[PDB]
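Raw structure25.txt, compact mmCIF, C-alpha atoms and all ligand atoms:
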# COMPACT_ATOMS: atom_id res chain seq x y z
CA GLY A 1 -24.78 20.17 -13.12
CA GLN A 2 -21.47 21.81 -12.16
CA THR A 3 -17.80 20.80 -12.28
CA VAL A 4 -15.52 20.41 -9.25
CA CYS A 5 -11.96 19.33 -8.45
CA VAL A 6 -10.88 16.91 -5.72
CA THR A 7 -7.19 16.41 -4.97
CA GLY A 8 -5.97 12.99 -3.89
CA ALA A 9 -9.35 11.69 -5.01
CA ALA A 10 -8.53 8.06 -4.16
CA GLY A 11 -7.76 8.72 -0.50
CA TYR A 12 -9.68 7.47 2.53
CA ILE A 13 -11.80 10.59 3.08
CA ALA A 14 -11.60 11.64 -0.58
CA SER A 15 -12.97 8.44 -2.15
CA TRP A 16 -16.16 9.06 -0.18
CA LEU A 17 -16.29 12.68 -1.34
CA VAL A 18 -16.26 11.59 -4.98
CA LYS A 19 -19.11 9.11 -4.45
CA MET A 20 -21.37 11.75 -2.92
CA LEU A 21 -20.42 14.30 -5.58
CA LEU A 22 -20.93 11.91 -8.50
CA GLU A 23 -24.33 10.98 -7.05
CA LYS A 24 -25.63 14.57 -7.21
CA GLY A 25 -24.81 15.22 -10.87
CA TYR A 26 -21.39 16.77 -10.33
CA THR A 27 -18.49 16.47 -12.77
CA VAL A 28 -15.54 15.47 -10.60
CA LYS A 29 -11.95 16.03 -11.71
CA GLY A 30 -9.87 13.72 -9.52
CA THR A 31 -6.18 14.50 -9.16
CA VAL A 32 -4.02 11.43 -8.61
CA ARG A 33 -0.35 10.58 -9.14
CA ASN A 34 -1.18 8.05 -11.88
CA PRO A 35 -4.78 7.87 -13.25
CA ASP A 36 -4.16 4.32 -14.54
CA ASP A 37 -2.55 2.84 -11.42
CA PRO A 38 -4.60 0.07 -9.73
CA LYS A 39 -4.90 2.25 -6.59
CA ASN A 40 -7.68 4.17 -8.36
CA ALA A 41 -9.63 1.12 -9.53
CA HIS A 42 -12.17 1.83 -6.78
CA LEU A 43 -13.17 5.14 -8.40
CA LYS A 44 -14.06 3.96 -11.91
CA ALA A 45 -16.92 1.79 -10.61
CA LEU A 46 -19.11 4.43 -8.98
CA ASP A 47 -22.61 5.48 -10.04
CA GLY A 48 -21.51 8.36 -12.26
CA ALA A 49 -17.79 7.68 -12.65
CA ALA A 50 -17.95 6.44 -16.23
CA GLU A 51 -19.92 9.57 -17.11
CA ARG A 52 -18.51 12.35 -14.94
CA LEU A 53 -15.27 11.19 -13.30
CA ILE A 54 -12.05 12.43 -14.87
CA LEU A 55 -8.76 11.32 -13.32
CA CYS A 56 -6.16 14.04 -13.78
CA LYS A 57 -2.45 13.23 -13.51
CA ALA A 58 -0.93 15.69 -11.03
CA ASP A 59 1.48 15.72 -8.10
CA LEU A 60 0.60 18.31 -5.45
CA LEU A 61 3.92 20.14 -5.88
CA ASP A 62 3.45 20.43 -9.65
CA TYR A 63 1.83 23.87 -9.93
CA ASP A 64 1.00 23.52 -13.63
CA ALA A 65 -0.45 20.04 -13.15
CA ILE A 66 -2.86 21.47 -10.57
CA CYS A 67 -3.96 24.32 -12.84
CA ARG A 68 -4.80 21.75 -15.51
CA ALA A 69 -7.14 19.96 -13.09
CA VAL A 70 -8.50 23.06 -11.35
CA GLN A 71 -9.23 24.84 -14.64
CA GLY A 72 -12.83 24.72 -15.83
CA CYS A 73 -14.15 23.98 -12.34
CA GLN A 74 -16.62 25.99 -10.24
CA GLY A 75 -15.33 24.49 -7.00
CA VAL A 76 -12.30 22.75 -5.51
CA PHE A 77 -11.84 20.33 -2.62
CA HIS A 78 -8.21 20.27 -1.51
CA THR A 79 -8.05 17.04 0.50
CA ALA A 80 -4.65 15.78 -0.64
CA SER A 81 -1.92 16.15 1.97
CA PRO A 82 0.95 14.28 3.59
CA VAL A 83 0.01 12.40 6.77
CA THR A 84 3.22 11.86 8.72
CA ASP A 85 5.44 13.22 11.50
CA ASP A 86 8.43 13.51 9.16
CA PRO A 87 8.67 17.31 8.87
CA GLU A 88 10.86 17.20 5.75
CA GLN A 89 8.08 15.57 3.71
CA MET A 90 5.19 17.06 5.72
CA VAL A 91 5.61 20.74 6.55
CA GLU A 92 6.81 22.41 3.35
CA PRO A 93 5.10 20.04 0.90
CA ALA A 94 1.81 20.82 2.67
CA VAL A 95 2.16 24.60 2.65
CA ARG A 96 3.48 24.71 -0.91
CA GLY A 97 0.94 22.17 -2.14
CA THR A 98 -1.91 24.05 -0.49
CA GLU A 99 -0.77 27.47 -1.72
CA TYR A 100 -0.52 26.08 -5.26
CA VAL A 101 -4.22 25.12 -5.19
CA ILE A 102 -5.42 28.50 -3.91
CA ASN A 103 -3.34 30.27 -6.55
CA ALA A 104 -4.40 27.82 -9.27
CA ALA A 105 -8.09 28.27 -8.46
CA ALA A 106 -7.48 31.99 -8.09
CA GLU A 107 -5.38 31.96 -11.25
CA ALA A 108 -8.40 31.30 -13.46
CA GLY A 109 -11.24 31.64 -13.06
CA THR A 110 -14.56 29.88 -12.57
CA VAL A 111 -14.10 28.72 -8.97
CA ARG A 112 -16.62 30.38 -6.63
CA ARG A 113 -15.46 28.49 -3.53
CA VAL A 114 -12.55 26.33 -2.37
CA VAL A 115 -12.87 23.83 0.50
CA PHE A 116 -9.67 23.00 2.37
CA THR A 117 -9.34 19.92 4.55
CA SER A 118 -7.52 21.00 7.70
CA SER A 119 -7.29 18.86 10.85
CA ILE A 120 -8.00 18.84 14.58
CA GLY A 121 -4.21 18.89 14.93
CA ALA A 122 -4.52 22.63 14.31
CA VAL A 123 -7.12 23.03 17.06
CA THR A 124 -6.81 21.00 20.27
CA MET A 125 -3.00 20.94 20.56
CA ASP A 126 -2.47 23.54 23.28
CA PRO A 127 -1.62 22.44 26.85
CA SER A 128 -2.19 26.05 27.92
CA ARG A 129 -5.86 25.46 27.09
CA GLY A 130 -8.13 25.16 30.11
CA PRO A 131 -10.12 22.01 30.97
CA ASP A 132 -13.44 23.86 31.20
CA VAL A 133 -13.39 25.70 27.86
CA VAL A 134 -15.42 24.40 24.93
CA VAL A 135 -13.23 23.52 21.94
CA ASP A 136 -14.78 25.32 18.96
CA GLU A 137 -13.58 26.77 15.66
CA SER A 138 -11.76 29.70 17.28
CA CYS A 139 -9.30 27.31 18.95
CA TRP A 140 -5.79 27.08 17.51
CA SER A 141 -2.74 25.00 18.41
CA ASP A 142 0.47 26.11 20.10
CA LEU A 143 2.99 25.73 17.29
CA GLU A 144 5.90 25.75 19.73
CA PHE A 145 4.35 22.89 21.71
CA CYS A 146 3.99 20.93 18.47
CA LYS A 147 7.64 21.54 17.60
CA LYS A 148 8.92 20.59 21.06
CA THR A 149 7.01 17.30 20.95
CA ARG A 150 7.76 16.56 17.29
CA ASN A 151 4.06 16.80 16.41
CA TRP A 152 4.79 17.71 12.81
CA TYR A 153 1.52 16.51 11.29
CA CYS A 154 -0.29 18.89 13.63
CA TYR A 155 2.32 21.53 12.84
CA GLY A 156 2.02 21.15 9.08
CA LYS A 157 -1.77 21.25 9.09
CA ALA A 158 -1.77 24.40 11.21
CA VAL A 159 0.68 26.18 8.92
CA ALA A 160 -0.93 24.81 5.76
CA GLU A 161 -4.32 26.12 6.92
CA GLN A 162 -3.11 29.57 7.94
CA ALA A 163 -1.22 29.69 4.64
CA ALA A 164 -4.48 28.89 2.85
CA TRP A 165 -6.29 31.64 4.75
CA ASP A 166 -3.53 34.07 3.78
CA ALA A 167 -3.26 32.89 0.17
CA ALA A 168 -7.04 33.09 -0.18
CA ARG A 169 -7.17 36.68 1.09
CA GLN A 170 -4.14 37.82 -0.89
CA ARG A 171 -5.69 36.45 -4.09
CA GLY A 172 -9.32 37.04 -3.08
CA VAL A 173 -10.79 33.56 -3.53
CA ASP A 174 -13.66 32.31 -1.35
CA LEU A 175 -12.40 29.82 1.25
CA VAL A 176 -14.09 27.68 3.89
CA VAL A 177 -12.37 25.04 6.03
CA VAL A 178 -13.47 21.72 7.54
CA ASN A 179 -11.64 20.34 10.58
CA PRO A 180 -12.26 16.59 10.89
CA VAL A 181 -10.96 14.76 13.95
CA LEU A 182 -9.65 11.18 13.93
CA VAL A 183 -11.83 9.76 11.15
CA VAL A 184 -13.13 6.19 11.11
CA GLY A 185 -15.62 4.11 9.13
CA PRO A 186 -15.81 1.85 6.05
CA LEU A 187 -12.86 1.92 3.62
CA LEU A 188 -13.54 2.27 -0.10
CA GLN A 189 -9.85 2.31 -0.99
CA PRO A 190 -7.91 -1.00 -0.93
CA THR A 191 -5.17 0.29 1.40
CA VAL A 192 -5.19 1.01 5.14
CA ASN A 193 -4.80 4.71 5.93
CA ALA A 194 -3.36 6.37 9.04
CA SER A 195 -6.54 6.80 11.09
CA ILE A 196 -7.75 3.24 10.54
CA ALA A 197 -4.34 2.04 11.71
CA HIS A 198 -5.13 3.52 15.13
CA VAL A 199 -8.30 1.42 15.19
CA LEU A 200 -6.86 -1.74 13.64
CA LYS A 201 -3.88 -1.92 16.02
CA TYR A 202 -6.31 -3.02 18.75
CA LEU A 203 -7.86 -5.79 16.67
CA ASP A 204 -4.67 -7.53 15.48
CA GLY A 205 -2.78 -7.63 18.77
CA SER A 206 -0.25 -4.96 17.81
CA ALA A 207 -1.07 -3.31 21.14
CA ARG A 208 -1.16 -5.13 24.49
CA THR A 209 -2.19 -1.90 26.22
CA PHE A 210 -3.81 1.48 25.52
CA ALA A 211 -2.46 4.91 26.40
CA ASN A 212 -3.91 7.22 29.05
CA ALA A 213 -5.23 9.76 26.54
CA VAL A 214 -8.40 11.04 24.86
CA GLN A 215 -9.40 11.99 21.31
CA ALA A 216 -12.45 12.91 19.22
CA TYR A 217 -14.02 10.69 16.55
CA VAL A 218 -16.18 11.08 13.45
CA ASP A 219 -17.49 8.90 10.64
CA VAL A 220 -15.79 9.16 7.24
CA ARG A 221 -19.18 9.71 5.61
CA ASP A 222 -19.97 12.50 8.08
CA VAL A 223 -16.80 14.19 6.79
CA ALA A 224 -17.48 13.68 3.08
CA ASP A 225 -20.98 14.99 3.74
CA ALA A 226 -19.58 18.02 5.58
CA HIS A 227 -17.37 19.11 2.69
CA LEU A 228 -20.36 18.95 0.36
CA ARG A 229 -22.70 20.82 2.72
CA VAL A 230 -20.25 23.61 3.54
CA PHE A 231 -19.69 24.09 -0.19
CA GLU A 232 -23.32 24.29 -1.34
CA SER A 233 -24.41 26.52 1.55
CA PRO A 234 -23.95 30.08 0.19
CA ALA A 235 -23.57 31.78 3.58
CA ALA A 236 -21.06 29.13 4.67
CA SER A 237 -17.91 30.76 6.02
CA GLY A 238 -15.08 30.34 8.51
CA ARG A 239 -13.82 27.04 9.91
CA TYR A 240 -16.06 24.03 10.51
CA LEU A 241 -15.29 21.55 13.27
CA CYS A 242 -16.35 18.01 12.34
CA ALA A 243 -16.79 15.50 15.18
CA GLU A 244 -19.45 13.32 16.85
CA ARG A 245 -18.03 12.82 20.36
CA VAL A 246 -14.90 12.62 22.52
CA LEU A 247 -13.85 9.24 23.92
CA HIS A 248 -11.14 7.84 26.17
CA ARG A 249 -8.86 5.08 24.86
CA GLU A 250 -10.60 2.78 27.32
CA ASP A 251 -14.09 3.59 26.03
CA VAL A 252 -12.97 2.67 22.52
CA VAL A 253 -11.46 -0.72 23.36
CA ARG A 254 -14.60 -1.42 25.38
CA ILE A 255 -16.85 -0.90 22.35
CA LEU A 256 -14.61 -3.18 20.28
CA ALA A 257 -14.50 -5.84 23.00
CA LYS A 258 -18.26 -5.44 23.21
CA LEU A 259 -18.98 -6.23 19.56
CA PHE A 260 -15.86 -8.32 18.88
CA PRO A 261 -14.70 -10.45 21.86
CA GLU A 262 -12.96 -12.95 19.56
CA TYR A 263 -10.20 -10.39 18.93
CA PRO A 264 -7.26 -9.60 21.25
CA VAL A 265 -8.33 -6.03 22.08
CA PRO A 266 -6.43 -4.49 25.00
CA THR A 267 -7.94 -4.23 28.49
CA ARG A 268 -5.02 -2.92 30.56
CA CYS A 269 -3.92 0.73 30.54
CA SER A 270 -0.34 1.94 30.08
CA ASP A 271 -0.61 4.24 33.12
CA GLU A 272 -2.99 2.90 35.82
CA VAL A 273 -1.43 5.27 38.40
CA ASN A 274 -2.50 8.81 37.48
CA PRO A 275 -6.10 9.98 37.11
CA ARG A 276 -7.57 9.02 33.74
CA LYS A 277 -7.86 11.97 31.34
CA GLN A 278 -11.46 13.17 31.01
CA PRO A 279 -12.87 14.03 27.57
CA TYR A 280 -13.11 17.71 26.61
CA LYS A 281 -16.19 19.73 25.72
CA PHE A 282 -16.53 20.61 22.05
CA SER A 283 -18.90 22.24 19.57
CA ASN A 284 -20.17 20.89 16.26
CA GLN A 285 -23.04 23.34 15.98
CA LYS A 286 -21.83 24.96 12.75
CA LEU A 287 -22.24 21.68 10.86
CA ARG A 288 -25.42 20.76 12.73
CA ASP A 289 -26.86 24.18 11.83
CA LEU A 290 -26.40 23.04 8.23
CA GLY A 291 -28.66 20.09 9.02
CA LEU A 292 -26.05 17.37 9.55
CA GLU A 293 -27.06 14.29 11.54
CA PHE A 294 -23.89 12.65 12.84
CA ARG A 295 -23.63 8.86 12.85
CA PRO A 296 -22.73 7.42 16.28
CA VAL A 297 -19.10 6.35 16.76
CA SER A 298 -20.13 2.86 17.87
CA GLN A 299 -22.18 2.47 14.69
CA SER A 300 -19.24 3.73 12.64
CA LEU A 301 -16.70 1.53 14.42
CA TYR A 302 -18.84 -1.49 13.57
CA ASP A 303 -19.04 -0.74 9.85
CA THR A 304 -15.24 -0.45 9.93
CA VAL A 305 -14.54 -3.90 11.36
CA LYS A 306 -17.19 -5.34 9.05
CA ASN A 307 -15.52 -3.57 6.13
CA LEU A 308 -11.97 -4.58 7.06
CA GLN A 309 -13.02 -8.22 7.30
CA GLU A 310 -14.80 -8.14 3.94
CA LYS A 311 -11.64 -6.75 2.34
CA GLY A 312 -9.20 -9.20 3.92
CA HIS A 313 -7.56 -6.71 6.27
CA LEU A 314 -8.88 -8.74 9.21
CA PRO A 315 -9.50 -12.49 9.56
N1 LIG B 401 -8.29 10.45 8.00
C1 LIG B 401 -8.34 11.31 9.20
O1 LIG B 401 -8.60 10.82 10.29
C2 LIG B 401 -8.07 12.83 9.06
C3 LIG B 401 -8.28 13.68 10.11
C4 LIG B 401 -8.03 15.02 9.98
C5 LIG B 401 -7.57 15.51 8.77
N2 LIG B 401 -7.36 14.67 7.71
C6 LIG B 401 -6.90 15.21 6.49
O2 LIG B 401 -7.96 14.82 5.33
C7 LIG B 401 -7.29 14.77 4.20
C8 LIG B 401 -7.35 13.34 3.62
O3 LIG B 401 -7.01 12.43 4.67
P1 LIG B 401 -7.01 10.90 4.34
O4 LIG B 401 -7.64 10.14 5.50
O5 LIG B 401 -7.82 10.69 3.09
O6 LIG B 401 -5.49 10.38 4.14
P2 LIG B 401 -4.98 9.50 2.92
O7 LIG B 401 -6.11 8.81 2.24
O8 LIG B 401 -4.05 8.48 3.46
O9 LIG B 401 -4.20 10.46 1.84
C9 LIG B 401 -4.97 11.33 0.98
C10 LIG B 401 -4.35 11.45 -0.43
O10 LIG B 401 -3.48 12.42 -0.48
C11 LIG B 401 -2.34 11.89 -1.50
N3 LIG B 401 -1.16 12.65 -1.40
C12 LIG B 401 -0.43 12.99 -0.33
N4 LIG B 401 0.62 13.73 -0.76
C13 LIG B 401 0.52 13.84 -2.11
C14 LIG B 401 1.32 14.49 -3.04
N5 LIG B 401 2.50 15.24 -2.89
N6 LIG B 401 1.00 14.45 -4.35
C15 LIG B 401 -0.10 13.77 -4.76
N7 LIG B 401 -0.89 13.14 -3.84
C16 LIG B 401 -0.57 13.18 -2.51
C17 LIG B 401 -2.14 10.66 -1.10
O11 LIG B 401 -1.49 9.83 -2.16
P3 LIG B 401 -0.38 8.76 -1.70
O12 LIG B 401 -1.03 7.68 -0.81
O13 LIG B 401 0.20 8.11 -2.92
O14 LIG B 401 0.71 9.47 -0.92
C18 LIG B 401 -3.57 10.17 -0.83
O15 LIG B 401 -4.10 9.62 -1.95
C19 LIG B 401 -5.84 15.11 4.56
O16 LIG B 401 -5.62 16.43 4.38
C20 LIG B 401 -5.77 14.71 6.06
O17 LIG B 401 -4.57 15.30 6.73
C21 LIG B 401 -7.61 13.34 7.84
As a first step, turn the structure in this file into C-alpha cells.
Amino acid sequence: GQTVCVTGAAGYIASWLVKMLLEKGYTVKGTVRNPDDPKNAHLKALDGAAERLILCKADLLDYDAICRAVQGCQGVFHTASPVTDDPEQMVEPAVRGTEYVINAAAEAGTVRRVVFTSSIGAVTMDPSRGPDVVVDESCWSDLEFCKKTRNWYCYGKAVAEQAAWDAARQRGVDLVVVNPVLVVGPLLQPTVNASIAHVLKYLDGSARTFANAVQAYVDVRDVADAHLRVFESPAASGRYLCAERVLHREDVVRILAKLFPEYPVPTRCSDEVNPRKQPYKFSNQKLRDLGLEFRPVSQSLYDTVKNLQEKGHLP
C-alpha cells in the first residue's frame, strides 16, 4: 500500500503501467495535460482507478506542477517524453522535463526510487559498433552520428538519460533505467502512437515495400511489467534492456502476411541488391534475472491487429 507517480499516464506504454500498479494496491498519481480531457477516459475505468487513481494536471516543463504530483509519493515513473525527430520540441524539452522530475523527487522527500524510461535509441545507434558484439546495457549511441543523420529522437533520449544519471547523482536520488525497444501490443489508449504506426503502415497499404533494415521488438506489457519489477527489486540498479528478439523487416511482414493475408502487407524489399542486414546479438538477462518471461513477438503482433480492429483503427 504505497503511493507512486507516473508521468504521461495516458500514453501507450504508460496506460499499461497504471493498470498493473492499480492492480497491486498502489496509489497512482497520473500526470496529464488535462485530467478531464476525453483522452484519459481509458484510465478512470480500471480495477482500482476510482479508489486509487488521481489525475494531476501538469505539463512536463512546469516544474511546480511536477512537484505537486511527485510530492507524497514513494516512487516515480517518468515515462512522459516527446516522440519526434523535431529537435526543437524534442531535445531540450526532454532534458529539461527529465531534470525537473529528478529534482522534484529529490526536492522532497519520500521517493526511494525513480524509474526513467529511456530508449534503444540511446543504445544501438553506433555504426562504429562491431557486428559480433552483444548489445547489452553498457552500449551507448554515437551522438555525432545521430546529429549527422537527423536522428533527434535517439539524440534526445540519450541526452535526457545521461542528464537523469547526472541529476540523480548530483541530488543523490536512487535511479534505475529501462530501455525498451520498438514496443508493440494491444492499445489501451484511443489514439495510435508512434511505434504502432510502424506496424500499422503495413496493414493499411501505406507502404508498398519494406526497408532493408533490422530492429528489436518487445510487448507493451513486457515493458510495463519491467518498470514494476525493476522498482520493487531492492538490489535493482543500472540500466535495463527490454526486448524479446531482433527481426528483419521481411520477417515482420511475413508474420503479418501469415496471420492476415486479407491485408495488403508488403512483400517486395526496397533494396533487393545488397546483402540483407542480419539481426544483432543482444542481452535481456538483467530483466530475465528478475524473473520476467517475455511474450513472443508473433503473439504480441497478433493481439495488436486484433486490438486495432476492435477499436476501429483497422477494418
Ligand atoms: N512506444 C515505444 O516503442 C518506445 C520505445 C522506447 C522508448 N519509449 C519511450 O517510453 C515512453 C512512453 O512512450 P509511449 O509509447 O507511451 O509514447 P506516447 O504514448 O505517444 O507518449 C507518452 C506521453 O507522454 C506525453 N507527453 C509528451 N510530452 C509531454 C509534455 N511536454 N507535457 C505533458 N505530457 C507530455 C504525451 O502527451 P501528448 O500525446 O499530449 O503529447 C503522452 O501522453 C517515452 O519516453 C518513449 O520515448 C517508447
**Request:** Compile the contact shell of residue 69 of chain A as a PyMOL selection string: residues with an atom at most 12 Å away, counting only C-alpha atoms, same-chain residues fewer than 6 positions apart removed.
**Result:** chain A and resi 3-9+27-32+53-60+62-63+75-78+100-101+104-105+108+111
Store the residues picked out above, limited to C-alpha atoms, as an mmCIF file, in the frame of the given file.
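Saved as result-v5.cif:
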data_model
loop_
_atom_site.group_PDB
_atom_site.id
_atom_site.type_symbol
_atom_site.label_atom_id
_atom_site.label_comp_id
_atom_site.auth_asym_id
_atom_site.auth_seq_id
_atom_site.Cartn_x
_atom_site.Cartn_y
_atom_site.Cartn_z
ATOM 1 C CA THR A 3 -17.800 20.800 -12.280
ATOM 2 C CA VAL A 4 -15.520 20.410 -9.250
ATOM 3 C CA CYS A 5 -11.960 19.330 -8.450
ATOM 4 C CA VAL A 6 -10.880 16.910 -5.720
ATOM 5 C CA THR A 7 -7.190 16.410 -4.970
ATOM 6 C CA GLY A 8 -5.970 12.990 -3.890
ATOM 7 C CA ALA A 9 -9.350 11.690 -5.010
ATOM 8 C CA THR A 27 -18.490 16.470 -12.770
ATOM 9 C CA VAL A 28 -15.540 15.470 -10.600
ATOM 10 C CA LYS A 29 -11.950 16.030 -11.710
ATOM 11 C CA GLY A 30 -9.870 13.720 -9.520
ATOM 12 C CA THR A 31 -6.180 14.500 -9.160
ATOM 13 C CA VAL A 32 -4.020 11.430 -8.610
ATOM 14 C CA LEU A 53 -15.270 11.190 -13.300
ATOM 15 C CA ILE A 54 -12.050 12.430 -14.870
ATOM 16 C CA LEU A 55 -8.760 11.320 -13.320
ATOM 17 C CA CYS A 56 -6.160 14.040 -13.780
ATOM 18 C CA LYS A 57 -2.450 13.230 -13.510
ATOM 19 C CA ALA A 58 -0.930 15.690 -11.030
ATOM 20 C CA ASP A 59 1.480 15.720 -8.100
ATOM 21 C CA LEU A 60 0.600 18.310 -5.450
ATOM 22 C CA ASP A 62 3.450 20.430 -9.650
ATOM 23 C CA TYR A 63 1.830 23.870 -9.930
ATOM 24 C CA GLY A 75 -15.330 24.490 -7.000
ATOM 25 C CA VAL A 76 -12.300 22.750 -5.510
ATOM 26 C CA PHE A 77 -11.840 20.330 -2.620
ATOM 27 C CA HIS A 78 -8.210 20.270 -1.510
ATOM 28 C CA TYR A 100 -0.520 26.080 -5.260
ATOM 29 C CA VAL A 101 -4.220 25.120 -5.190
ATOM 30 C CA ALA A 104 -4.400 27.820 -9.270
ATOM 31 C CA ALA A 105 -8.090 28.270 -8.460
ATOM 32 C CA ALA A 108 -8.400 31.300 -13.460
ATOM 33 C CA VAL A 111 -14.100 28.720 -8.970
#
**Request:** Please provide the set of residues having any atom within 9 Å of residue 193 of chain A, restricted to only C-alpha atoms, with same-chain residues fewer than 6 positions apart removed, written as JSON, numbers by chain.
**Result:** {"A": [11, 12, 187]}
Output as a Markdown table one row per residue of chain A within 8 Å of ligand LIG 401 (chain B): the closest atom pair and its distance in Å to one decimal place, counting all atoms listed in the file, sorted by chain and residue number ascending.
| residue | atom | partner | partner_atom | distance |
| --- | --- | --- | --- | --- |
| A:7 | CA | B:LIG401 | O10 | 7.1 |
| A:8 | CA | B:LIG401 | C10 | 4.1 |
| A:9 | CA | B:LIG401 | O15 | 6.4 |
| A:10 | CA | B:LIG401 | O15 | 5.2 |
| A:11 | CA | B:LIG401 | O7 | 3.2 |
| A:12 | CA | B:LIG401 | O5 | 3.8 |
| A:13 | CA | B:LIG401 | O5 | 4.0 |
| A:14 | CA | B:LIG401 | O5 | 5.4 |
| A:15 | CA | B:LIG401 | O5 | 7.7 |
| A:31 | CA | B:LIG401 | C15 | 7.5 |
| A:32 | CA | B:LIG401 | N7 | 6.0 |
| A:33 | CA | B:LIG401 | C15 | 5.4 |
| A:58 | CA | B:LIG401 | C15 | 6.6 |
| A:59 | CA | B:LIG401 | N6 | 4.0 |
| A:60 | CA | B:LIG401 | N6 | 4.0 |
| A:61 | CA | B:LIG401 | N5 | 5.9 |
| A:78 | CA | B:LIG401 | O16 | 7.5 |
| A:79 | CA | B:LIG401 | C7 | 4.4 |
| A:80 | CA | B:LIG401 | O10 | 3.6 |
| A:81 | CA | B:LIG401 | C12 | 4.2 |
| A:82 | CA | B:LIG401 | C12 | 4.4 |
| A:83 | CA | B:LIG401 | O17 | 5.4 |
| A:93 | CA | B:LIG401 | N5 | 6.6 |
| A:94 | CA | B:LIG401 | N5 | 7.9 |
| A:97 | CA | B:LIG401 | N5 | 7.1 |
| A:116 | CA | B:LIG401 | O16 | 8.0 |
| A:117 | CA | B:LIG401 | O16 | 5.1 |
| A:118 | CA | B:LIG401 | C5 | 5.6 |
| A:119 | CA | B:LIG401 | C5 | 4.0 |
| A:120 | CA | B:LIG401 | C4 | 6.0 |
| A:121 | CA | B:LIG401 | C4 | 7.4 |
| A:153 | CA | B:LIG401 | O17 | 7.7 |
| A:157 | CA | B:LIG401 | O17 | 7.0 |
| A:179 | CA | B:LIG401 | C4 | 6.5 |
| A:180 | CA | B:LIG401 | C4 | 4.6 |
| A:181 | CA | B:LIG401 | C3 | 4.8 |
| A:182 | CA | B:LIG401 | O1 | 3.8 |
| A:183 | CA | B:LIG401 | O1 | 3.5 |
| A:184 | CA | B:LIG401 | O1 | 6.5 |
| A:192 | CA | B:LIG401 | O8 | 7.7 |
| A:193 | CA | B:LIG401 | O8 | 4.6 |
| A:194 | CA | B:LIG401 | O8 | 6.0 |
| A:195 | CA | B:LIG401 | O1 | 4.6 |
| A:196 | CA | B:LIG401 | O1 | 7.6 |
| A:220 | CA | B:LIG401 | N1 | 7.6 |
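Going from atom CA of residue 312 of chain A to atom CA of residue 19 of chain A covers 22.4 Å.
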**Complete:** What separates atom CA of residue 156 of chain A and atom CA of residue 213 of chain A is a distance of 22.1 Å
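For the pair atom CA of residue 67 of chain A and atom CA of residue 238 of chain A, the separation is 24.8 Å.
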